[PDB]
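One structure is given below, encoded as structure tokens.
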Amino acid sequence: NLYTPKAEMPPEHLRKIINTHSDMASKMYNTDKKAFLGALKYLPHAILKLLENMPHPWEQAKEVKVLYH
Amino acid sequence: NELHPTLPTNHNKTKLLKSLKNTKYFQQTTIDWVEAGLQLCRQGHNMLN
Amino acid sequence: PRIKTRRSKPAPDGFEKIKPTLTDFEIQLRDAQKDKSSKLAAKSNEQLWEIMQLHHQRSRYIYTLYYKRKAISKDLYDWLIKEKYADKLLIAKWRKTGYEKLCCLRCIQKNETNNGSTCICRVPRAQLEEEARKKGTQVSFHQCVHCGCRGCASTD
Amino acid sequence: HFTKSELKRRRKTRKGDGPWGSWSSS
RNA sequence: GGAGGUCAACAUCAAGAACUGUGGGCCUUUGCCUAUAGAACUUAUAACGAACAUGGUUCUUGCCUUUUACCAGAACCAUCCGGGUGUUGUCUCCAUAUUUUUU
Ligand SMILES: [Zn+2]
Ligand SMILES: [Zn+2]
Ligand SMILES: [Zn+2]
């Protein structure tokens, strides 16, 4: 069949997407703003999945596996 | 809690991230937890503003 | 474990010989994620194409050390995979038969596209060129969307 | 219908060692 | 072929203490009786989850200027965070003797 697992992206890809959407004043980002309004149905789920991997007192820092738009 | 069980639904059950994964629009990586927390704070500020 | 914490292990032997060149890719990635503001859309795609190129080149470096010329120890190469200097899955695709010059892993994923097929960089050049010569127009594919790949076929 | 030497002959004309090298002329 | 995946799809998970298949007979398929093969997971101080939240409607109350927002008991129903087991696919790493026994 045709299933192939999801590609592991570089994390600098997410960092540049985050940094580029710091200030969004163009005719471009007319779609991305509507996506930002659309994600607010999904913000309790993102807060839950962040907060239930709070690291623990015996750990310094842990790497989580995130899924972004 | 023990007096009233709320008894989960064992059929169809569409989950969220398992169906947000099948799109081409979401992608996947691993980052530090504190970076993910800071990115969520930036995103959640930007949405409400 | 890309950050260096207490849980990490110290490095094996040959790493201090190849520490500087990898360092180059590190500082070059810290030019790419740096938020240069661009108004256009194509010029904002050029940045992500540069990032995916740098990730590809670092993985080609560790691959061409361990597999082709056998210049580093297996005990070091497992450490470089553990500490995320390399992409294990992209190297796993490089070890196959049809895929050696592969750009990135979104250009062979069939599920992402509209209709089945992979990205157009996976096509050989001569097949696209004979179809474009048959229709007589020209070959109009300059640079891919996902990677910026310009013909990542195995023969090309 | 191409030969294995001709593929390398066309490929050495290509700029920019990896896949990100152009088939264009500049 | 072997191990593994914080990979996917599809079945299945609360009921005469309770499952499916097969052969024969009776009724005329359903059903009843009789002989047989298999049953993973969950369950008896009862349930997938030694964990435990919220929403709707109707009653009964409590704060009492009215509605949201509420107080806390009941009945009926839903949503959500999760779990098992089975079949197929896919991905990765390696591999090609002297009394009953018989002297
Ligand atoms: Zn490519
Ligand atoms: Zn690509
Ligand atoms: Zn491509």
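Labels used: A, B, ... for chains in the order of the structure tokens, numbers from 1 for residues in each chain, and numbers from 1 for ligands as shown.
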Could the residues of chain E that have an atom at most 9 Å from chain B be listed as a Markdown table, each with its closest atom pair and the distance in Å to one decimal, counting only C-alpha atoms (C1' of nucleotides) and ordered by chain and ascending residue number?
```
| residue | atom | partner | partner_atom | distance |
| --- | --- | --- | --- | --- |
| E:13 | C1' | B:10 | CA | 7.2 |
| E:48 | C1' | B:8 | CA | 8.6 |
| E:52 | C1' | B:1 | CA | 6.9 |
```
Checklist entry - Which residues come within 9 Å of residue 42 (chain B), counting only C-alpha atoms (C1' of nucleotides), excluding same-chain residues fewer than 5 positions away, as a list in words? => result residues 18 and 22 of chain A; 37 and 47 of chain B
Item to check | Residues within 12 Å of ligand 1, counting only C-alpha atoms (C1' of nucleotides) and all ligand atoms, as a VMD selection string | outcome: (chain C and resid 49 52 to 53 56 90 99 to 109 118 to 124 142 to 154 156) or (chain D and resid 18 to 21)
Could you save the residues just selected, with N, CA and C atoms, as a CSV table (one decimal), in the first residue's frame?
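See again-v4.csv below for the written result:
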```csv
chain,number,residue,atom,x,y,z
C,49,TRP,N,14.3,26.9,2.0
C,49,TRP,CA,15.1,26.1,1.1
C,49,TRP,C,16.6,26.0,1.5
C,52,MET,N,16.8,23.6,4.7
C,52,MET,CA,16.8,22.2,4.3
C,52,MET,C,18.0,21.8,3.6
C,53,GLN,N,18.6,22.7,2.8
C,53,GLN,CA,19.9,22.4,2.2
C,53,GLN,C,21.0,22.2,3.2
C,56,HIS,N,20.6,18.8,4.9
C,56,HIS,CA,21.0,17.8,4.0
C,56,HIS,C,22.5,17.7,3.9
C,90,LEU,N,16.8,9.8,6.9
C,90,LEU,CA,17.3,10.2,5.6
C,90,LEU,C,18.5,9.4,5.2
C,99,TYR,N,17.3,5.5,-4.4
C,99,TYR,CA,17.4,6.7,-3.7
C,99,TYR,C,18.9,6.9,-3.3
C,100,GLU,N,19.7,7.7,-3.9
C,100,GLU,CA,20.9,8.1,-3.3
C,100,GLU,C,21.1,9.6,-3.2
C,101,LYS,N,20.6,10.3,-4.2
C,101,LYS,CA,20.8,11.8,-4.2
C,101,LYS,C,19.7,12.5,-3.6
C,102,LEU,N,18.9,11.9,-2.8
C,102,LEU,CA,17.6,12.4,-2.2
C,102,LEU,C,17.8,13.7,-1.5
C,103,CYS,N,16.9,14.6,-1.8
C,103,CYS,CA,16.9,15.9,-1.1
C,103,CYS,C,16.4,15.9,0.3
C,104,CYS,N,15.2,15.5,0.5
C,104,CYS,CA,14.5,15.6,1.8
C,104,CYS,C,13.5,14.5,1.8
C,105,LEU,N,12.8,14.3,2.9
C,105,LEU,CA,11.9,13.2,3.1
C,105,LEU,C,10.4,13.6,2.8
C,106,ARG,N,10.2,14.8,2.3
C,106,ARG,CA,8.8,15.2,1.9
C,106,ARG,C,8.7,15.0,0.4
C,107,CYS,N,9.8,14.6,-0.3
C,107,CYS,CA,9.7,14.5,-1.7
C,107,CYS,C,9.5,13.0,-2.1
C,108,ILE,N,9.3,12.2,-1.1
C,108,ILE,CA,9.0,10.8,-1.5
C,108,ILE,C,7.8,10.3,-0.7
C,109,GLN,N,7.1,11.2,0.0
C,109,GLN,CA,5.9,10.9,0.7
C,109,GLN,C,4.7,11.0,-0.2
C,118,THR,N,5.0,11.3,-6.3
C,118,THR,CA,6.0,12.0,-5.4
C,118,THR,C,6.2,13.4,-5.9
C,119,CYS,N,7.2,14.1,-5.4
C,119,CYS,CA,7.6,15.4,-5.9
C,119,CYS,C,8.3,15.3,-7.2
C,120,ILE,N,8.3,16.4,-8.0
C,120,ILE,CA,8.8,16.3,-9.4
C,120,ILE,C,10.3,16.3,-9.5
C,121,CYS,N,11.0,16.5,-8.4
C,121,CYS,CA,12.4,16.4,-8.4
C,121,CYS,C,12.9,15.0,-8.4
C,122,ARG,N,12.0,14.0,-8.1
C,122,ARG,CA,12.4,12.6,-8.2
C,122,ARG,C,12.4,12.1,-9.6
C,123,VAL,N,11.9,12.9,-10.6
C,123,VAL,CA,11.9,12.4,-12.0
C,123,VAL,C,13.3,12.6,-12.5
C,124,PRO,N,13.8,11.7,-13.4
C,124,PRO,CA,15.0,12.0,-14.1
C,124,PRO,C,14.8,13.3,-15.0
C,142,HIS,N,11.8,24.7,-12.3
C,142,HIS,CA,13.0,25.3,-11.9
C,142,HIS,C,13.4,24.8,-10.5
C,143,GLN,N,12.6,24.8,-9.5
C,143,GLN,CA,13.0,24.6,-8.1
C,143,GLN,C,11.8,24.2,-7.3
C,144,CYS,N,11.9,23.1,-6.5
C,144,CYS,CA,10.8,22.5,-5.8
C,144,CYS,C,10.3,23.3,-4.7
C,145,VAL,N,9.1,23.0,-4.3
C,145,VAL,CA,8.5,23.8,-3.2
C,145,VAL,C,9.0,23.4,-1.8
C,146,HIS,N,9.1,22.1,-1.5
C,146,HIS,CA,9.4,21.6,-0.2
C,146,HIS,C,10.9,21.8,0.1
C,147,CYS,N,11.8,21.6,-0.8
C,147,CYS,CA,13.2,21.6,-0.5
C,147,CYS,C,13.9,22.7,-1.3
C,148,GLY,N,13.4,23.1,-2.4
C,148,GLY,CA,14.2,23.8,-3.4
C,148,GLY,C,15.0,22.9,-4.2
C,149,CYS,N,14.6,21.6,-4.4
C,149,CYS,CA,15.5,20.7,-5.0
C,149,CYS,C,15.4,20.8,-6.5
C,150,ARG,N,16.5,20.8,-7.2
C,150,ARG,CA,16.6,20.9,-8.6
C,150,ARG,C,17.0,19.6,-9.2
C,151,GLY,N,16.1,18.7,-9.4
C,151,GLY,CA,16.5,17.4,-10.0
C,151,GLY,C,17.3,16.5,-9.0
C,152,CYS,N,16.7,16.0,-8.0
C,152,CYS,CA,17.4,15.0,-7.1
C,152,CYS,C,17.2,13.6,-7.4
C,153,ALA,N,17.1,13.2,-8.7
C,153,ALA,CA,17.1,11.8,-9.2
C,153,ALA,C,18.4,11.2,-8.9
C,154,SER,N,18.4,9.8,-9.0
C,154,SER,CA,19.7,9.1,-8.7
C,154,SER,C,20.6,9.3,-9.9
C,156,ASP,N,20.8,11.9,-11.7
C,156,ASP,CA,21.1,13.3,-11.9
C,156,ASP,C,21.4,13.9,-10.6
D,18,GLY,N,25.5,19.3,-5.2
D,18,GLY,CA,24.3,18.6,-4.7
D,18,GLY,C,23.1,18.7,-5.7
D,19,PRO,N,21.9,18.4,-5.2
D,19,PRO,CA,20.7,18.5,-6.0
D,19,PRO,C,20.3,20.0,-6.2
D,20,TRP,N,20.9,20.9,-5.4
D,20,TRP,CA,20.4,22.3,-5.5
D,20,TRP,C,21.2,23.1,-6.5
D,21,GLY,N,21.9,22.4,-7.4
D,21,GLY,CA,22.6,23.0,-8.5
D,21,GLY,C,21.9,23.1,-9.8
```
Next on the checklist: I need the residue nearest chain C from this list: A:55, A:39, A:65, A:25. Use only C-alpha atoms for the distance.
Outcome noted: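 Closest candidate: A:25.
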Checklist entry - Any idea what the distance is between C1' of residue 90 (chain E) and CA of residue 13 (chain A)? => result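 So the two atoms, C1' of residue 90 (chain E) and CA of residue 13 (chain A), lie 26.2 Å apart.
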Checklist entry - Within 7 Å of chain A, which residues of chain E show up when using only C-alpha atoms (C1' of nucleotides), listed as a list in words? => result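 Residues passing the distance filter: residues 7, 8, 89, 90 and 91 of chain E.
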Selection file, C-alpha atoms (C1' of nucleotides), as a PDB file, in the first residue's frame:
```
ATOM      1  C1'   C E   7       3.928   4.362  12.886  1.00  0.00           C
ATOM      2  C1'   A E   8      -1.216   3.825  10.203  1.00  0.00           C
ATOM      3  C1'   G E  89       0.120  -2.804   5.812  1.00  0.00           C
ATOM      4  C1'   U E  90       4.436   0.147   6.452  1.00  0.00           C
ATOM      5  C1'   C E  91       9.181   1.818   8.481  1.00  0.00           C
TER       6        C E  91
END
```
Checklist entry - Using only C-alpha atoms and all ligand atoms, which of C:36, C:110, C:7, C:93 sits nearest ligand 3? => result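 Closest residue, counting only C-alpha atoms and all ligand atoms: C:110.
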Next on the checklist: Give me, as number ranges by chain, all polymer residues having an atom no more than 12 Å from residue 56 (chain E), counting only C-alpha atoms (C1' of nucleotides) and skipping those fewer than 2 positions away in the same chain.
Outcome noted: E: 54, 58, 76-79
Could you turn the residues from that selection into a file that holds N, CA and C atoms (P, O5', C5', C4', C3', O3' and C1' of nucleotides), as a PDB file, in the first residue's frame?
```pdb
ATOM      1  P     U E  54     -15.564  18.732  37.173  1.00  0.00           P
ATOM      2  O5'   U E  54     -16.373  19.195  35.895  1.00  0.00           O
ATOM      3  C5'   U E  54     -15.919  20.295  35.130  1.00  0.00           C
ATOM      4  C4'   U E  54     -16.322  20.175  33.686  1.00  0.00           C
ATOM      5  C3'   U E  54     -17.795  20.304  33.368  1.00  0.00           C
ATOM      6  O3'   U E  54     -18.293  21.624  33.400  1.00  0.00           O
ATOM      7  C1'   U E  54     -16.918  18.487  32.190  1.00  0.00           C
ATOM      8  P     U E  58     -35.541  21.793  31.560  1.00  0.00           P
ATOM      9  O5'   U E  58     -36.277  20.713  32.459  1.00  0.00           O
ATOM     10  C5'   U E  58     -37.342  19.932  31.942  1.00  0.00           C
ATOM     11  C4'   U E  58     -37.655  18.766  32.845  1.00  0.00           C
ATOM     12  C3'   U E  58     -37.860  19.107  34.304  1.00  0.00           C
ATOM     13  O3'   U E  58     -39.136  19.640  34.572  1.00  0.00           O
ATOM     14  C1'   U E  58     -36.462  17.228  34.143  1.00  0.00           C
ATOM     15  P     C E  76     -30.975   6.125  35.824  1.00  0.00           P
ATOM     16  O5'   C E  76     -31.279   6.867  34.455  1.00  0.00           O
ATOM     17  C5'   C E  76     -32.425   6.544  33.689  1.00  0.00           C
ATOM     18  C4'   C E  76     -32.687   7.585  32.634  1.00  0.00           C
ATOM     19  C3'   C E  76     -31.712   7.613  31.478  1.00  0.00           C
ATOM     20  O3'   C E  76     -32.010   6.651  30.486  1.00  0.00           O
ATOM     21  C1'   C E  76     -32.028   9.802  32.292  1.00  0.00           C
ATOM     22  P     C E  77     -30.844   5.982  29.616  1.00  0.00           P
ATOM     23  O5'   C E  77     -29.852   7.174  29.302  1.00  0.00           O
ATOM     24  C5'   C E  77     -29.368   7.373  27.993  1.00  0.00           C
ATOM     25  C4'   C E  77     -29.297   8.832  27.644  1.00  0.00           C
ATOM     26  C3'   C E  77     -28.041   9.238  26.914  1.00  0.00           C
ATOM     27  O3'   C E  77     -28.055   8.904  25.544  1.00  0.00           O
ATOM     28  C1'   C E  77     -28.497  10.789  28.629  1.00  0.00           C
ATOM     29  P     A E  78     -26.705   8.370  24.878  1.00  0.00           P
ATOM     30  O5'   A E  78     -26.150   9.640  24.114  1.00  0.00           O
ATOM     31  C5'   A E  78     -24.758   9.873  24.016  1.00  0.00           C
ATOM     32  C4'   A E  78     -24.444  11.334  24.169  1.00  0.00           C
ATOM     33  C3'   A E  78     -22.979  11.698  24.135  1.00  0.00           C
ATOM     34  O3'   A E  78     -22.467  11.772  22.827  1.00  0.00           O
ATOM     35  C1'   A E  78     -23.990  12.754  25.962  1.00  0.00           C
ATOM     36  P     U E  79     -21.042  11.133  22.507  1.00  0.00           P
ATOM     37  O5'   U E  79     -20.025  12.305  22.827  1.00  0.00           O
ATOM     38  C5'   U E  79     -20.202  13.591  22.265  1.00  0.00           C
ATOM     39  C4'   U E  79     -19.416  14.629  23.016  1.00  0.00           C
ATOM     40  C3'   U E  79     -17.940  14.353  23.211  1.00  0.00           C
ATOM     41  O3'   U E  79     -17.134  14.554  22.066  1.00  0.00           O
ATOM     42  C1'   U E  79     -18.842  15.070  25.237  1.00  0.00           C
TER      43        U E  79
END
```
Checklist entry - Mind listing as a PyMOL selection string which residues of chain D are within 10 Å of chain C, counting only C-alpha atoms? => result chain D and resi 1-2+4+7-8+10-12+14+18-24
File of the preceding selection, N, CA, C and O atoms, as a PDB file, in the first residue's frame:
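Contents of the output file again.pdb:
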```pdb
ATOM      1  N   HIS D   1      16.874   5.615 -23.297  1.00  0.00           N
ATOM      2  CA  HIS D   1      17.536   5.584 -24.597  1.00  0.00           C
ATOM      3  C   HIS D   1      18.825   6.392 -24.565  1.00  0.00           C
ATOM      4  O   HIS D   1      19.445   6.631 -25.595  1.00  0.00           O
ATOM      5  N   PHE D   2      19.205   6.827 -23.370  1.00  0.00           N
ATOM      6  CA  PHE D   2      20.492   7.457 -23.134  1.00  0.00           C
ATOM      7  C   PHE D   2      21.497   6.430 -22.624  1.00  0.00           C
ATOM      8  O   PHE D   2      21.139   5.366 -22.116  1.00  0.00           O
ATOM      9  N   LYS D   4      25.082   5.461 -20.309  1.00  0.00           N
ATOM     10  CA  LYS D   4      25.534   5.758 -18.954  1.00  0.00           C
ATOM     11  C   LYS D   4      26.686   6.751 -18.943  1.00  0.00           C
ATOM     12  O   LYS D   4      26.932   7.412 -17.930  1.00  0.00           O
ATOM     13  N   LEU D   7      24.906  10.384 -19.512  1.00  0.00           N
ATOM     14  CA  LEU D   7      24.307  10.925 -18.297  1.00  0.00           C
ATOM     15  C   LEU D   7      25.343  11.641 -17.445  1.00  0.00           C
ATOM     16  O   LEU D   7      25.089  12.744 -16.950  1.00  0.00           O
ATOM     17  N   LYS D   8      26.531  11.047 -17.291  1.00  0.00           N
ATOM     18  CA  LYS D   8      27.595  11.711 -16.543  1.00  0.00           C
ATOM     19  C   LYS D   8      28.119  12.926 -17.291  1.00  0.00           C
ATOM     20  O   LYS D   8      28.514  13.917 -16.671  1.00  0.00           O
ATOM     21  N   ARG D  10      26.325  14.952 -19.229  1.00  0.00           N
ATOM     22  CA  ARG D  10      25.376  16.028 -18.964  1.00  0.00           C
ATOM     23  C   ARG D  10      25.431  16.463 -17.505  1.00  0.00           C
ATOM     24  O   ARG D  10      25.211  17.638 -17.190  1.00  0.00           O
ATOM     25  N   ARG D  11      25.749  15.533 -16.603  1.00  0.00           N
ATOM     26  CA  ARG D  11      25.703  15.829 -15.178  1.00  0.00           C
ATOM     27  C   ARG D  11      26.907  16.656 -14.739  1.00  0.00           C
ATOM     28  O   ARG D  11      26.819  17.433 -13.782  1.00  0.00           O
ATOM     29  N   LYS D  12      28.038  16.522 -15.433  1.00  0.00           N
ATOM     30  CA  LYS D  12      29.196  17.346 -15.092  1.00  0.00           C
ATOM     31  C   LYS D  12      29.028  18.781 -15.582  1.00  0.00           C
ATOM     32  O   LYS D  12      29.736  19.685 -15.123  1.00  0.00           O
ATOM     33  N   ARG D  14      26.350  20.366 -14.964  1.00  0.00           N
ATOM     34  CA  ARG D  14      25.491  20.942 -13.945  1.00  0.00           C
ATOM     35  C   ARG D  14      26.310  21.621 -12.858  1.00  0.00           C
ATOM     36  O   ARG D  14      27.289  21.065 -12.357  1.00  0.00           O
ATOM     37  N   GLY D  18      25.497  19.299  -5.170  1.00  0.00           N
ATOM     38  CA  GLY D  18      24.320  18.578  -4.737  1.00  0.00           C
ATOM     39  C   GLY D  18      23.126  18.730  -5.663  1.00  0.00           C
ATOM     40  O   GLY D  18      23.252  19.166  -6.809  1.00  0.00           O
ATOM     41  N   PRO D  19      21.940  18.354  -5.188  1.00  0.00           N
ATOM     42  CA  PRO D  19      20.731  18.540  -5.999  1.00  0.00           C
ATOM     43  C   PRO D  19      20.348  19.989  -6.227  1.00  0.00           C
ATOM     44  O   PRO D  19      19.609  20.294  -7.160  1.00  0.00           O
ATOM     45  N   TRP D  20      20.854  20.896  -5.396  1.00  0.00           N
ATOM     46  CA  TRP D  20      20.438  22.293  -5.471  1.00  0.00           C
ATOM     47  C   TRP D  20      21.210  23.071  -6.533  1.00  0.00           C
ATOM     48  O   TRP D  20      21.163  24.307  -6.554  1.00  0.00           O
ATOM     49  N   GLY D  21      21.930  22.381  -7.413  1.00  0.00           N
ATOM     50  CA  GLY D  21      22.646  23.029  -8.493  1.00  0.00           C
ATOM     51  C   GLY D  21      21.854  23.082  -9.781  1.00  0.00           C
ATOM     52  O   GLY D  21      21.197  22.107 -10.150  1.00  0.00           O
ATOM     53  N   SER D  22      21.932  24.204 -10.485  1.00  0.00           N
ATOM     54  CA  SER D  22      20.963  24.502 -11.528  1.00  0.00           C
ATOM     55  C   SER D  22      21.290  23.799 -12.834  1.00  0.00           C
ATOM     56  O   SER D  22      22.445  23.483 -13.122  1.00  0.00           O
ATOM     57  N   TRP D  23      20.250  23.562 -13.629  1.00  0.00           N
ATOM     58  CA  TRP D  23      20.459  23.217 -15.027  1.00  0.00           C
ATOM     59  C   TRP D  23      20.436  24.467 -15.891  1.00  0.00           C
ATOM     60  O   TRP D  23      20.612  24.388 -17.111  1.00  0.00           O
ATOM     61  N   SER D  24      20.211  25.628 -15.280  1.00  0.00           N
ATOM     62  CA  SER D  24      20.140  26.880 -16.020  1.00  0.00           C
ATOM     63  C   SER D  24      21.525  27.375 -16.406  1.00  0.00           C
ATOM     64  O   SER D  24      22.538  26.831 -15.956  1.00  0.00           O
TER      65      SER D  24
END
```
Checklist entry - Which residue, B:31, B:3, B:24, B:13, has the smallest gap to residue 111 (chain C) when you use only C-alpha atoms? => result B:24
Checklist entry - Got a sec to pull out which chain A residues are within 9 Å of chain B, counting only C-alpha atoms, and send them as a ChimeraX atom specification? => result /A:6-11,14-15,18,22,33,36-40,43,45-47,50-51,53-55,61-69
Checklist entry - What is the distance, in Å and to one decimal place, between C1' of residue 46 (chain E) and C1' of residue 12 (chain E)? => result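 The value is 20.9 Å.
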Checklist entry - At what distance in Å, to one decimal, does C1' of residue 81 (chain E) lie from CA of residue 52 (chain A)? => result 10.8 Å
Next on the checklist: I need the residues in chain D that are alpha helix (DSSP H) according to DSSP; give them as an MDAnalysis selection string.
Outcome noted: chainID D and resid 4:11
Checklist entry - Mind listing as a PyMOL selection string which residues of chain A are within 6 Å of chain C, counting only C-alpha atoms? => result chain A and resi 7+16+19-20
Next on the checklist: Please extract the residues of chain B with a backbone DSSP assignment of strand (DSSP E) and present them as a PyMOL selection string.
Outcome noted: chain B and resi 27-32
Checklist entry - Counting only C-alpha atoms (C1' of nucleotides), what is within 12 Å of region 94-103 of chain E, bar same-chain residues fewer than 5 positions away, as number ranges by chain? => result E: 1-4
Residue selection dump (N, CA, C and O atoms (P, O5', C5', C4', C3', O3' and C1' of nucleotides)) as a PDB file, in the first residue's frame:
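For reference, result23.pdb as written:
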```pdb
ATOM      1  P     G E   1       9.146 -17.398   6.189  1.00  0.00           P
ATOM      2  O5'   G E   1       9.720 -15.920   6.051  1.00  0.00           O
ATOM      3  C5'   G E   1      10.038 -15.160   7.205  1.00  0.00           C
ATOM      4  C4'   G E   1      11.395 -15.526   7.741  1.00  0.00           C
ATOM      5  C3'   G E   1      11.756 -14.921   9.085  1.00  0.00           C
ATOM      6  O3'   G E   1      11.246 -15.676  10.164  1.00  0.00           O
ATOM      7  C1'   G E   1      13.553 -14.631   7.571  1.00  0.00           C
ATOM      8  P     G E   2      10.331 -14.979  11.279  1.00  0.00           P
ATOM      9  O5'   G E   2      11.379 -14.276  12.244  1.00  0.00           O
ATOM     10  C5'   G E   2      12.319 -15.047  12.970  1.00  0.00           C
ATOM     11  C4'   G E   2      13.279 -14.166  13.718  1.00  0.00           C
ATOM     12  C3'   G E   2      12.672 -12.968  14.419  1.00  0.00           C
ATOM     13  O3'   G E   2      12.080 -13.298  15.662  1.00  0.00           O
ATOM     14  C1'   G E   2      14.581 -12.287  13.229  1.00  0.00           C
ATOM     15  P     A E   3      10.899 -12.393  16.260  1.00  0.00           P
ATOM     16  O5'   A E   3      11.639 -11.092  16.795  1.00  0.00           O
ATOM     17  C5'   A E   3      12.531 -11.175  17.893  1.00  0.00           C
ATOM     18  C4'   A E   3      13.296  -9.893  18.086  1.00  0.00           C
ATOM     19  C3'   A E   3      12.469  -8.647  18.327  1.00  0.00           C
ATOM     20  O3'   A E   3      12.016  -8.541  19.660  1.00  0.00           O
ATOM     21  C1'   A E   3      14.104  -8.180  16.718  1.00  0.00           C
ATOM     22  P     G E   4      10.587  -7.893  19.994  1.00  0.00           P
ATOM     23  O5'   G E   4      10.710  -6.398  19.475  1.00  0.00           O
ATOM     24  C5'   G E   4      11.266  -5.403  20.310  1.00  0.00           C
ATOM     25  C4'   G E   4      11.678  -4.185  19.533  1.00  0.00           C
ATOM     26  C3'   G E   4      10.585  -3.216  19.152  1.00  0.00           C
ATOM     27  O3'   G E   4      10.184  -2.378  20.209  1.00  0.00           O
ATOM     28  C1'   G E   4      11.960  -3.568  17.307  1.00  0.00           C
TER      29        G E   4
END
```
